[PDB]
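>>> Model the structure of this input:
(6 chains, ligands or ions: 30)
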Amino acid sequence: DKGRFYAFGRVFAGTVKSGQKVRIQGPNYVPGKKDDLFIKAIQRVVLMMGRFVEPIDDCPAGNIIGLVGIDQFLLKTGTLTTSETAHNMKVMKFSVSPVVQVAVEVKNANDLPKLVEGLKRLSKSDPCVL
Amino acid sequence: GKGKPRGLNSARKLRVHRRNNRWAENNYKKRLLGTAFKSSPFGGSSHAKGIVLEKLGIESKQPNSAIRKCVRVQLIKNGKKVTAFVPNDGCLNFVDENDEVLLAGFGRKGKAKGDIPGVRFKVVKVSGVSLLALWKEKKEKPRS
Amino acid sequence: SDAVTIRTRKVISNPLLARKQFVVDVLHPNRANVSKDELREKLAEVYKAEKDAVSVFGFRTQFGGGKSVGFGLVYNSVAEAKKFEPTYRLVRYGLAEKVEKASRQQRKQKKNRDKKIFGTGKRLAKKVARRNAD
Amino acid sequence: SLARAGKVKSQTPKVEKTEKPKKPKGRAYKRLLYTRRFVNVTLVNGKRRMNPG
Amino acid sequence: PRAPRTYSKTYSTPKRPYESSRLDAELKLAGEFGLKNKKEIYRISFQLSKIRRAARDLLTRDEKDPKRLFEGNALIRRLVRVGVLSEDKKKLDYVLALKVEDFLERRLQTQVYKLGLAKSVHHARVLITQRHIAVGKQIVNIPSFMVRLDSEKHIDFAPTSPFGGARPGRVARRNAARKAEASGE
RNA sequence: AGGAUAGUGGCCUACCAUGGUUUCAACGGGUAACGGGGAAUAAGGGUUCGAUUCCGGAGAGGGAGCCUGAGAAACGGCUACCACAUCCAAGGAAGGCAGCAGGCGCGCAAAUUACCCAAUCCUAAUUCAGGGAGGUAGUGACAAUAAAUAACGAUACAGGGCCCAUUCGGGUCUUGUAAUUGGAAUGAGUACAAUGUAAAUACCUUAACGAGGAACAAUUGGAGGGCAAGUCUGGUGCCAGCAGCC
Ligand SMILES: [Mg+2]
Ligand SMILES: [Mg+2]
Ligand SMILES: [Mg+2]
Ligand SMILES: [Mg+2]
Ligand SMILES: [Mg+2]
Ligand SMILES: [Mg+2]
Ligand SMILES: [Mg+2]
Ligand SMILES: [Mg+2]
Ligand SMILES: [Mg+2]
Ligand SMILES: [Mg+2]
Ligand SMILES: [Mg+2]
Ligand SMILES: [Mg+2]
Ligand SMILES: [Mg+2]
Ligand SMILES: [Mg+2]
Ligand SMILES: [Mg+2]
Ligand SMILES: [Mg+2]
Ligand SMILES: [Mg+2]
Ligand SMILES: [Mg+2]
Ligand SMILES: [Mg+2]
Ligand SMILES: [Mg+2]
Ligand SMILES: [Mg+2]
Ligand SMILES: [Mg+2]
Ligand SMILES: [Mg+2]
Ligand SMILES: [Mg+2]
Ligand SMILES: [Mg+2]
Ligand SMILES: [Mg+2]
Ligand SMILES: [Mg+2]
Ligand SMILES: [Mg+2]
Ligand SMILES: [Mg+2]
Ligand SMILES: [Mg+2]
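Numbering: from 1, shown residues only, chains lettered A, B, ... in the order given. Ligands and ions are numbered 1, 2, ... in the order given. Find the structure here:
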């Protein structure tokens, strides 16, 4: 659809069901206090193909799946759990760092709001675009 | 006789005079003319989300001193640029360039207020969070 | 042998539905929320019917407790009870058990799939088997 | 320049409150105001006031 | 769609909010009758003036008027029926004189303290709320019940709840239970 | 006069006439206009609104056209064109949520791709089948009803009505301060059980569990005036900032 992102990961414990309350723990969370912790639920779990995804209601641990219902709450990567003090997972650094860079201004003067949401939506799409 | 028609068959001129003389009522005219929509940077909306173009404080007006801490705001719904007060002690470190921001009216039913020349709106939320919850150490701006 | 003292009011006989219908008032002080199955095993001993021909439902119990109210009715024969009572109540007493057929989404979902097919598709299995591929 | 946003909300030396016994948030609050308004409310002083000095 | 389940509102707020005299007069009754809201007074004064100014309209009706009599001695019917008028007054006019004060006095919260039974109204409500007192075989726990003087004496405690037999109370039983060990055995 | 319609009628056609509306507002223009039963505020009189639980009307992306049928100018019917736009092996094919869900967009502004025909009812060849009509639950501080967040003591402290009395008061009635202290009462929860229901969830009934302050910890704005409440304490010093108005 227009710019709204399944979330794509693999689960290592428990299960995941369509319509399930979960805590998302972003890259900065620690089990102690206010951190990257949003507590909303999952609209649909869905397993993916050559971009057609097949909604499934329950998924065990050890598989890769998609997750539509989030990405208002994720920015690039995250680890969501069900336990109060389940720590995060190591931050997963790659061998390329964001180095080539240009300035972006909007051609017309008034599309600017469309440009600032785009950067947010762009940050989401690629794992290390800044 | 007291200067208006008083016959029993008078009720046409009576009802019609009242209609013309209603135009001398200021807010009746504001309602019929639709200056709600043609003029006035809102559409008649209670509030309007906008975009912070530049932080800018503007002169006070006499009798008082004290710079006034506003922001020129581009409105999302019509790209009109307007300025609005950011009220409180501090409350300008809380805004950066290009923060989304929700502007409310000011109380005087349009047509600017108090210390300040020509500014009719005030900030309430900036990047989704109320100034109050930010001005007190209640809440915190989202992660840039 | 406790003071459970159940009334029964507004008893009027319904031949056309082969039963007597009536409201029940179980005045049960020093006791809370007496069950429905227990509200028959010696209840049929009061209207002299046999024990699987009765039915009762309703039953929200007064604020403050000590008495529940609801509606019941007894049948002129258990054979007609199995014919007249709703096909969901006999489930509640085990006198029927309704079918496992899949969720109504699947029922509708397959209802629609079978509009895609005109006749029997018995010629269709002959279609696809020779193909796939060449 | 901008320069003076947090000019006082910062420079006030921020002090803590007093972790004092809880007041009776409910009906009895109306009760103890009825009491510290009419009955032995030894808050009278001339005609009346409601703040110390 | 559906059919609208109607609702009314039960109070009415004063027009000037900071009348000095009115502000104290209200707290005097909250103290007198152990109430918690100002709404609890606003509720009656609105309801009264609802009933009151809906009886002003009943006498510009010039008299012997058929609707005046039927809704007359069948309104007054309801107002000593709830003990806010006398049987020594069966004749229609002092109804407009009636103050808010008379209504509070037949709240069940206030009637408790006045039938002995509480020794204080703040003590009355707190016990009205805790599945103590009943009127018939019927527990009530709403500090505004408006006894009818047809049930002004059926008001007793509850046969559930200690104070009426059969149960001794969670706080007590759990306390005296721990004296098993130290009673000797 | 005729044609056409189910039928009256400039409805249409041939011929003929020059009439028809209007300052008692015709005609035009605007409506951020579906109409109404109603909604809000109201001493009275009125002022403002009515997309929206009922009734009537109009539409099914926009126009027009038509089939079948008693009934459609139908759109979860077909056909053409206009605007979008899906799939393709490039040959072709297929489109219509202002139905229920869900999503995009728009925005200040509005919910779950859940369960079910048990109820209300509707349809059918029909007692059974079907119904996102409708009902159940989820979301839900739009609006409304009721009304928890404490009660009562003791001790120590604080003041004052009193037979026989010269009274530190001898005795008095009630009454407030402080982490000084006591035993009762309870649901918010949590939970066997039944009840509840189509099956469930909460409601009500309820075994057992569930209260002393650092809690089962109430908020929102205010304290010069209007306008209820500070000539308190510290900070700043026409600065920060407050201020509907002054
Ligand atoms: Mg997209
Ligand atoms: Mg004339
Ligand atoms: Mg004009
Ligand atoms: Mg004029
Ligand atoms: Mg002029
Ligand atoms: Mg001035
Ligand atoms: Mg938003
Ligand atoms: Mg009880
Ligand atoms: Mg003709
Ligand atoms: Mg209009
Ligand atoms: Mg319109
Ligand atoms: Mg209208
Ligand atoms: Mg309208
Ligand atoms: Mg309407
Ligand atoms: Mg509209
Ligand atoms: Mg139509
Ligand atoms: Mg059509
Ligand atoms: Mg459709
Ligand atoms: Mg249709
Ligand atoms: Mg549409
Ligand atoms: Mg948005
Ligand atoms: Mg809303
Ligand atoms: Mg929305
Ligand atoms: Mg049905
Ligand atoms: Mg059926
Ligand atoms: Mg509410
Ligand atoms: Mg609380
Ligand atoms: Mg202050
Ligand atoms: Mg004052
Ligand atoms: Mg202030």
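
>>> Would you list the phi and psi of the nearest residue to residue E:85 once chain neighbours are set aside?
The spatial neighbour of residue E:85 that comes closest, neighbours along the chain excluded (C-beta to C-beta, 6 or more residues apart in numbering or on different chains), is residue E:79 at 4.3 Å. Any C-beta I mention is one placed from the backbone N, CA and C, and that applies to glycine too. Recorded main-chain torsions at residue E:79 are phi -100, psi -20, according to degrees, to the nearest 10.

>>> give me the number of residues near residue C:93?
Residue C:93: 15 surrounding residues under other C-beta atoms under 10 Å in any protein chain shown.

>>> With only the CA atoms kept, save stretch A:24-43 in CSV.
Output in CSV follows, covering the C-alpha atoms of stretch A:24-43 (Å, rounded to 0.1, in the frame of the first residue of the first chain):
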residue,chain,number,x,y,z
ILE,A,24,8.8,-3.7,21.6
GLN,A,25,12.3,-3.0,22.9
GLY,A,26,14.2,-0.8,20.5
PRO,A,27,18.0,-0.6,20.2
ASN,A,28,18.3,1.6,23.3
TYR,A,29,16.2,-0.3,25.8
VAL,A,30,17.4,-1.8,29.1
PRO,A,31,15.0,-3.7,31.4
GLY,A,32,15.1,-1.0,34.0
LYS,A,33,13.1,2.2,33.2
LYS,A,34,11.6,4.4,30.4
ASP,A,35,13.5,3.4,27.2
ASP,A,36,12.6,2.4,23.7
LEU,A,37,9.6,0.5,25.0
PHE,A,38,6.2,0.7,23.3
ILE,A,39,3.6,-1.8,24.4
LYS,A,40,1.1,-2.1,21.6
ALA,A,41,-0.2,-5.2,19.8
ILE,A,42,0.3,-6.9,16.5
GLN,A,43,-2.5,-6.5,13.9
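
>>> do that stretch and RNA strand F meet at all?
Yes - under the criterion of C-beta under 7 Å from any atom of the strand, RNA strand F is reached by stretch A:24-43 at residue A:43.

>>> Break down the chain into its helices, ranges please.
Using chain A. Using DSSP state H, the helices of chain A run over A:112-125.

>>> ah, I was thinking of chain B
Ranges of helices in chain B, per DSSP H, are B:11-22, B:26-32, B:131-135.

>>> is RNA strand F contacted by the first one?
Right, helix B:11-22. Yes - residues of helix B:11-22 are located near RNA strand F by C-beta under 7 Å from any atom of the strand, namely residue B:12.

>>> With the shortest one instead?
Yes - using C-beta under 7 Å from any atom of the strand, helix B:131-135 comes into contact with RNA strand F via residue B:132.

>>> Mind listing what's buried along stretch C:78-86?
Buried positions in stretch C:78-86, judged by neighbour count with 16 or more other C-beta atoms under 10 Å in any protein chain shown: C:78, C:81-82, C:85.

>>> Can you give me the separation between residue A:45 and residue A:25?
Distance from residue A:45 to residue A:25, counting by C-beta to C-beta, to the nearest Å: 18 Å.

>>> quick one: which of these two has more around it?
Each of residue A:45 and residue A:25 has its neighbours counted (other C-beta under 10 Å); residue A:45 has more, 24 against 21.

>>> Would you check that the more buried one makes contact with residue A:70?
No - the pair residue A:45 / residue A:70 is not scored as a contact, 10.9 Å apart, by C-beta atoms under 8 Å.

>>> tell me the contacts of the residue nearest the centre of chain B?
Centre of chain B computed as the mean C-alpha position; nearest residue by C-alpha atoms, centre = their mean is residue B:105, 3.6 Å away. Counting by C-beta atoms under 8 Å, 6 or more residues apart in numbering or on different chains, residue B:105 makes contact with B:42, B:46-47, B:120-122.

>>> Mark which of the residues you listed are buried, thanks.
The neighbour-count test (16+ other C-beta under 10 Å) marks B:42, B:120-122 as buried among the contacts of residue B:105.

>>> What about residue C:36, how many residues nearby?
Residue C:36 has 17 nearby residues by other C-beta under 10 Å.

>>> Is it correct that it is in contact with residue C:56?
Yes - Residue C:36 lies in contact with residue C:56 (C-beta under 8 Å); the separation is 5.9 Å.

>>> Residue of chain E closest to chain D, please.
Closest approach between chain E and chain D, counting by C-beta to the nearest C-beta: residue E:31, at 3.0 Å.

>>> Which secondary structure state is assigned to residue E:77?
helix (DSSP: H, G, I helix; E, B strand; the rest coil).

>>> try residue C:74
strand.

>>> Verify the stated contact: residue C:29 with residue C:68.
No - using C-beta under 8 Å, residue C:29 makes no contact with residue C:68, being 11.4 Å away.

>>> Neighbour count for those two, which is higher?
Shown here are residue C:29 and residue C:68; by other C-beta under 10 Å, residue C:68 has more neighbours (21 against 16).

>>> Just the strands from chain A, written as ranges.
Ranges of strands in chain A, per DSSP state E, are A:7-10, A:16-17, A:20-21, A:23-25, A:37-38, A:41-42, A:44-47, A:54-55, A:58-59, A:64-68, A:79-81.

>>> near ligand 1 at all, the longest one?
Read that as strand A:64-68. No - Strand A:64-68 lies out of reach of ligand 1 by C-beta under 5 Å from the ion, never closer than 12.4 Å.

>>> Can you list the strands that that strand pairs with?
Partners of strand A:64-68 in the sheet, by DSSP bridges, are strand A:7-10 (antiparallel), strand A:44-47 (antiparallel).

>>> and the first one, how far from the chain's centre?
When you say that, I think you mean strand A:7-10. Between the centre of strand A:7-10 and the centre of its chain there are 8 Å (C-alpha atoms, centre = their mean, to the nearest Å).

>>> can you list the residues that contact it?
So strand A:7-10 is contacted by A:48, A:62-68, A:70-71, A:74, A:78 (C-beta under 8 Å, 6+ apart).

>>> Determine which two of the residues you listed are furthest apart.
For the contacts of strand A:7-10, the maximum inter-member distance is 23.3 Å, found between A:62 and A:71 (C-beta to C-beta).

>>> Now that the residue nearest to residue E:85 has come up, it's in contact with residue E:89, right?
No - shown here, residue E:79 and residue E:89 do not form a contact pair, counting by C-beta under 8 Å, at 9.5 Å.

>>> So for these two, which sits in the more crowded spot?
Shown here are residue E:79 and residue E:89; by other C-beta under 10 Å, residue E:79 has more neighbours (17 against 13).

>>> Okay, the more buried one and residue E:136: tell me how far apart.
From residue E:79 to residue E:136 the distance is 22 Å (C-beta to C-beta).

>>> Could you do residue E:130 as well?
Taking C-beta to C-beta, one finds residue E:130 at 19 Å from residue E:136.

>>> got a list of what the spatially most central residue of chain E touches?
Taking C-alpha atoms, centre = their mean, the centroid of chain E lies closest to residue E:107, which sits 2.0 Å from it. Counting by C-beta under 8 Å, 6+ apart, residue E:107 touches E:33, E:143-146.

>>> 10 Å - rerun?
By C-beta atoms under 10 Å, 6 or more residues apart in numbering or on different chains, residue E:107 lies in contact with E:33-35, E:40, E:44, E:121, E:124-125, E:128, E:142-147.

>>> okay, now residue E:10: neighbour count?
Neighbours around residue E:10, by other C-beta under 10 Å: 12.

>>> thought it was touching residue E:45?
No - using C-beta atoms under 10 Å, residue E:10 is not in contact with residue E:45; the gap is 11.5 Å.

>>> Distance-wise, check the nearest residue to residue B:126 once chain neighbours are set aside relative to residue D:2.
Closest residue to residue B:126 apart from its sequence neighbours, by C-beta to C-beta, 6+ apart: residue B:101 at 4.6 Å. Distance, residue B:101 to residue D:2, using C-beta to C-beta: 17 Å.
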